[PDB]
Amino acid sequence: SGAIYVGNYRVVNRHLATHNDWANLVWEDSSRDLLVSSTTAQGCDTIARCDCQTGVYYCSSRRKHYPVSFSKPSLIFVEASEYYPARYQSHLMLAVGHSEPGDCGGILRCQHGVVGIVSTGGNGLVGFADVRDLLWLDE
Ligand SMILES: COc1cccnc1CC(=O)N1CCC[C@H](C(N)=O)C1
Ligand SMILES: [Zn+2]
């Protein structure tokens, strides 16, 4: 679990969005596993606007943060799960690091701010949904 709170927006994994997220929907994209909903309170986070390929993510299955080197956002094949058919997920960045299904939502940060959230993984890999291209989150 996990979310990014920026301005009057809440960013979550689309597959973990709640009834309240869908009732306050701003934007969603199944191909990116992202959903953004509106909030009444002002957020606590800020978004990186950079090309960093190193950062630190929170891993809830170890209660710890780990440093990672991650690939640029790209179209990556993701196996079928209980939430999606087998498909290409876009704007996804892979890294070597521990992750389990419940780790989705953990934040990845670089020195400039929030880069993305855990969205996929397996066998010593962890994949993050990028949010740095969503310029409208800041306005
Ligand atoms: C962090 O997730 C891990 C980690 C290790 C092993 N299986 C997972 C789960 C996983 O990859 N997915 C299930 C939920 C939806 C995901 C998606 N974006 O399509 C795919
Ligand atoms: Zn950065």
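Residue 1 is the first one shown; counting continues down the chain.
For all residues, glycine too, the Cβ spot is worked out from N, Cα and C.
Counted within 10 Å of its Cβ, the other Cβ atoms near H15 (active site, for protease 2A activity) come to 16, all protein chains included. The active site, for protease 2A activity feature in Swiss-Prot is assigned to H15 (among others); the stated evidence is similarity to another entry.
Around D33 (active site, for protease 2A activity), the C-beta neighbours below 8 angstroms that are at least 6 residues distant in the chain are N13, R14, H15, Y84, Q89, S119, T120, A129. Swiss-Prot lists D33 (among others) with the feature active site, for protease 2A activity, giving similarity to another entry as the kind of evidence.
Of all Cβ atoms in the shown protein chains, 23 besides its own fall within 10 Å of the Cβ of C104 (active site, for protease 2A activity). The feature active site, for protease 2A activity is assigned by Swiss-Prot to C104 (among others), with similarity to another entry given as support.
Annotation source Swiss-Prot lists Zn(2+) 1 binding site at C50, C52, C110, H112, citing similarity to another entry. In sequence order, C110, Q111, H112, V115 are the residues near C52 (Zn(2+) 1 binding site), counting only same-chain partners six or more apart with C-beta under 8 A. When secondary structure is read from DSSP and collapsed to three states, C52 (Zn(2+) 1 binding site) falls in the coil class.
With respect to their backbone Cα atoms, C104 (active site, for protease 2A activity) and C50 (Zn(2+) 1 binding site) stand 23 Å from each other. The most crowded of the binding-site residues listed here (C50, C110) is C110, judged by how many other CB atoms sit within 10 Å of its own CB.
According to DSSP, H112 (Zn(2+) 1 binding site) sits in a coil region rather than a helix or strand.
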